[PDB]
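Worksheet: one structure, shown below.
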Amino acid sequence: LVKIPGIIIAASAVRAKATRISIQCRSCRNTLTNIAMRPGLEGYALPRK
Amino acid sequence: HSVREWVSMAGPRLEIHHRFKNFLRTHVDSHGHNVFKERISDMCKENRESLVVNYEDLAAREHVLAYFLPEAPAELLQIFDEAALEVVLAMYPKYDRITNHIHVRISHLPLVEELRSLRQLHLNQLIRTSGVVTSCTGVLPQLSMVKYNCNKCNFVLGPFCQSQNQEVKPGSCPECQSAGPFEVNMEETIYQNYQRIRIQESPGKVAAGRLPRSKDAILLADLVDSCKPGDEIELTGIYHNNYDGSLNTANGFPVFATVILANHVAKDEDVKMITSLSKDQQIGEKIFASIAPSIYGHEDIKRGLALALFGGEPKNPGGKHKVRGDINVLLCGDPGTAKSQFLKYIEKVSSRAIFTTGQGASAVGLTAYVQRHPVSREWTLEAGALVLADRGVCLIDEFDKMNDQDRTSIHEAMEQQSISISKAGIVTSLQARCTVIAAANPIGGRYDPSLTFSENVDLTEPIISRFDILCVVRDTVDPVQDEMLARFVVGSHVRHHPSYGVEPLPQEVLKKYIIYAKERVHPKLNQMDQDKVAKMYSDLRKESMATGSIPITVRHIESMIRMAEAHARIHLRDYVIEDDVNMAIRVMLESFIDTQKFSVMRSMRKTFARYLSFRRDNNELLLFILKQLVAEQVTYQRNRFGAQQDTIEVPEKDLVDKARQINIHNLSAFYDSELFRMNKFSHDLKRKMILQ
DNA sequence: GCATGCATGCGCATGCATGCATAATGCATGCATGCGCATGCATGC
Ligand SMILES: Nc1ncnc2c1ncn2[C@@H]1O[C@H](COP(=O)(O)OP(=O)(O)OP(=O)(O)O)[C@@H](O)[C@H]1O
Ligand SMILES: [Mg+2]
Ligand SMILES: [Zn+2]
Ligand SMILES: [Zn+2]
């Protein structure tokens, strides 16, 4: 944890980021629900089976 | 076999490790002291991580390691690091808690060729180069001892050492046997300092007809931020190819790109001395004569620049009435008077000074703007030279050539002492507490004594009103002064081929005195004399109105006070006395009178001779009278005869009469003065005459 | 009626056709923007 002063020169637009996702299967239409995403700039890899 | 092949095997590795440990333990200086003892002790006193080794001593003690060093740098450096770590941990046991590794760096070497000669023969070798830094990437966290999290289970894979050549790709998760994917455990990973530098040949060493060439280098761990862009450095490094992506494959010939990996870079009593110098009664004249050693004459300009450098003290009762303490300086001169040399000297001396020119293509602009930097390719807010010089000096050359935007920004920064920006969605106000020194030329190319200062200069009255001190440098043909100036110029040219003040202070001593006076001297006005100031102000305004042009105003008095403070800062006085007030009065009166035209200037100079004669020299005034008479006689001779005569003579009676008019009755000391001999004057009693 | 023959019957091994289980990485494309150039419009004097 750090504390730092500065001056702001650029600010991007407000966008949307997901924290809980749900995915569906092609054939049997089963679902995996309430998968928790990680905070910050981190992605997620879908399962294959 | 190759050197690195023999290095790789374990036997000679352990033998060399033992040899290096013994070299570390047993190495002593020429005087018998243990060098590594004191070195590691002073390293321990500051918890450092790096150790420096000389190639000369290494070759003297153990020759085989020195011989193998150039052609196998990485493994040998690793072995030496292990040996040094073992020895240090033997000396002290706490570093296992503080630092788990210690780097070894080579300091001296037989100098290696420049950037031009590096070719295929130098690959994977140890080299030493010299160059000029042009850019830096900053500080970056590189990986080391990486821990990975499996994405099917949540197992944490063990630490993996990150080599500089290839990325680390874990094979499979030891528990669930999955082939991937994996991500980096941010919390348990260890990180290292990384920086990248571009180096260009020094422009002075490049032969005519070819261009300088550049190369890239990488600094790690303690080497980061050890160089500033624009500096000249020397590196010891490894000329490398074996990094992924060096081979050109997509199109074109099979060309490799080379990179250098560096491991070394080669570029109390003073307070008592300051107090002792302050104890000297003539420190002020020493400081005045200490400015601009290389410029002849213009003593008044140097005296003014002294106050400008030392400065004053801002005052703001509450948050209502702000009064600055920065003394601005303006110079107006005919060509060839060396106005720019003063600015160059001031930039050299000043701790924080910015230089810019109004003609165009300046290295530093005079207006703030937001832009993508051409080099770093980043979106930056570049403020003008005025903002960058906080509590510093800003120098502007070619003051008249400035366009509209520069004039507007300068006016705003001088009158409000802040710069406002509204650009690209950014609205800011920035502080511009800086002292402004400027130089300029007259409108017609030559100063006209029959016109006021404002009529002679392209600038406007509001801009001129801001400056506390105005100096006018007019070129006039004086044979003795021209002879002396030519002598100095020719002497400077001859010296630099490749094959009143008792003593000026040293430049470093002057810098230290300036810093100490600015930090710890705050003169107080608790002993001012308001009666004399009020009477003099009233009389000045009265006679200004009597002449009928350019009346004085209250602002000048403020400048005087500031100058007084500056003088009190010179002697380290904590209180203001009458001497500083009188000197500031003289300076302000000279500046005010010099801006008037001929008749008004003459009348004011004659009437105010009382105040302007404070701490003056009578001999200088007599020399001025003699010069005026000589000039009159020479002008008459040239106009009537059409040519000059071989000798110049003047009766003593006229000089005596004029001295009596200035209330001076004795001139023998003037005859015996050094000023009389310096101008090659002689006095003959056989004819009561003065000859030149 | 007692001695003998024997067609029926049951449980565990191997052989062979079908059937079942597994399972991330590298390369390509369009959007944003710098840098050099020539035309052209508008503004002074
Ligand atoms: N008093 C002096 N002492 C030493 N050198 C001098 C002196 N007066 C003039 N010079 C020399 O005269 C030359 C004129 O160049 P310089 O840049 O100093 O001129 P400048 O006054 O700034 O002129 P400009 O008005 O054209 O900007 C310089 O090389 C400078 O060294
Ligand atoms: Mg100049
Ligand atoms: Zn399914
Ligand atoms: Zn796993």
Worksheet, complete the sentence: Distance in nm between B:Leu89 and B:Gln481 label points, each 7 Å along Cα→Cβ, equals 7.7
Worksheet entry | Proximal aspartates and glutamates relative to B:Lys147, as straight alpha-carbon distance under 19 Å, when same-chain residues fewer than 8 apart are discounted | A:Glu42, B:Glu167, B:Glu175, B:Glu183, B:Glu187, B:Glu188
Worksheet item: For the stretch B:369-432, what class follows from the C-alpha gyration tensor (a ≥ b ≥ c being the square roots of its eigenvalues): rounded when a/c is under 1.5, otherwise prolate if a/b is larger than b/c, else oblate?
Response: prolate
Worksheet, complete the sentence: Mean separation of Cα contacts under 8 Å (at least 6 apart) over the residue count of the stretch B:315-472, i.e. the relative contact order in percent, is 31
Response to the item:
Note: the stretch B:233-366, point scatterers on Cα, Debye, no solvent; log10 I/I(0) at q = 0.09, 0.12, 0.19 Å⁻¹ equals -0.60, -0.78, -1.23
Worksheet item: Counting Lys +1, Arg +1, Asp -1, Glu -1, what net charge surrounds B:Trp6 among other residues with beta carbon under 13 Å of its beta carbon?
Response: -2
Fill in: Packing-based exposure ordering (other Cβ within 10 Å, fewest first) of B:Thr236, B:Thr635
B:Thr635, B:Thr236
Worksheet entry | Principal axis box of the stretch B:207-263, alpha-carbon based, largest edge first, Å | 38, 37, 17
Fill in: Distance between modelled label sites at B:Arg638 and B:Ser50, nm, 7 Å Cα→Cβ extension
6.6
Discussion item. Counting each pair of different Cα atoms once, what's the Kirkwood radius of the stretch B:267-319 in Å, rounded to one decimal?
Written reply: 13.6
Item to complete: Using R₀ = 22 Å, calculate the FRET efficiency as 1/(1 + (r/R₀)^6) where r is the Cβ-Cβ separation of B:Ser450 and B:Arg605; round to 0.05.
Response: 0.85
Worksheet item: Quick one: which of A:6-14, B:669-677 comes out on top by average Cβ neighbours within 10 Å, and what's the full order, highest first?
Response: B:669-677, A:6-14
Worksheet item: Say a paramagnetic label sat at a point 7 Å from the Cα of B:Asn193, along Cα to Cβ; which residues of the stretch B:242-278 have their backbone N under 19 Å from it?
Response: B:261-267
Worksheet item: If you place +1 on the Cβ of every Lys and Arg, -1 on the Cβ of every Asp and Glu, and leave all else neutral, what size is the dipole of the stretch B:160-232 about its Cα centre, to the nearest 20 Debye?
Response: 700
Discussion item. Rounded to the nearest 20 debye, what is the charge dipole size of the protein assembly as shown about its Cα centre when +1 sits on each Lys and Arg Cβ and -1 on each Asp and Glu Cβ?
Written reply: 1620
Discussion item. Let's see if you can work this out: charge +1 on each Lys and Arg Cβ, -1 on each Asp and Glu Cβ, no other charges. What is the dipole magnitude of chain B about its Cα centre, in debye to the nearest 20?
Written reply: 1140
Worksheet item: For B:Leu24, B:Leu220, B:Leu69, what's the fewest-to-most ordering of other Cβ within 10 Å of each Cβ?
Response: B:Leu220, B:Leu69, B:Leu24
Discussion item. Report the Rg/Rh value for the stretch B:322-369, based on alpha-carbon coordinates and the Kirkwood definition of Rh.
Written reply: 1.00
Fill in: Alpha carbon convex hull of the stretch B:97-227, projected area averaged over orientations, nm²
12.0
Item to complete: Please name whichever of B:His493, B:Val88, B:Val427 sits farthest to the positive end of the charge dipole of the protein assembly as shown, dipole taken about the Cα centre and charges placed at Cβ: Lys and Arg +1, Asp and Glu -1.
Response: B:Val427
Practice prompt. Run through the DSSP bridge list for chain B and note the antiparallel percent, rounded to the nearest 5.
Written response: 70
Worksheet entry | Alpha-carbon centroids, the stretch B:123-170 and the stretch B:375-442: separation in whole Å | 43
Practice prompt. Sticking to Cα atoms, compute the Rg of the protein assembly as shown to one decimal and its Dmax as the biggest Cα-Cα distance, whole number, in Å.
Written response: 36.6, 133
Worksheet, complete the sentence: With only helices counted (DSSP H, runs n ≥ 4, each -39500 (n - 2.57)), the per-residue ellipticity at 222 nm for chain B, to the nearest 500, works out to -12000 deg cm²/dmol
Item to complete: Beta carbons within 10 angstrom, averaged per residue: use that to sort the peptides B:327-333, B:276-282, B:682-688, B:620-626, highest first.
Response: B:327-333, B:620-626, B:276-282, B:682-688
Worksheet, complete the sentence: Inter-part gap, Cα centre of the stretch B:244-306 to Cα centre of the stretch B:476-494, in whole angstrom, is 30
Worksheet item: Say the dipole of the stretch B:151-256 comes from +1 at the beta carbon of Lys and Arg and -1 at that of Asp and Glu; which of B:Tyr239, B:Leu223, B:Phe160 then lies farthest toward its positive end?
Response: B:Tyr239
Worksheet item: What ranking do B:444-457, B:393-406 get when scored by the average of other Cβ atoms within 10 Å per residue, highest first?
Response: B:393-406, B:444-457
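Note that each Cβ is placed from the backbone with ideal geometry, even for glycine, and that neighbours are counted across all protein chains shown. Throughout, read-outs are computed from the coordinates displayed, never taken from laboratory work.
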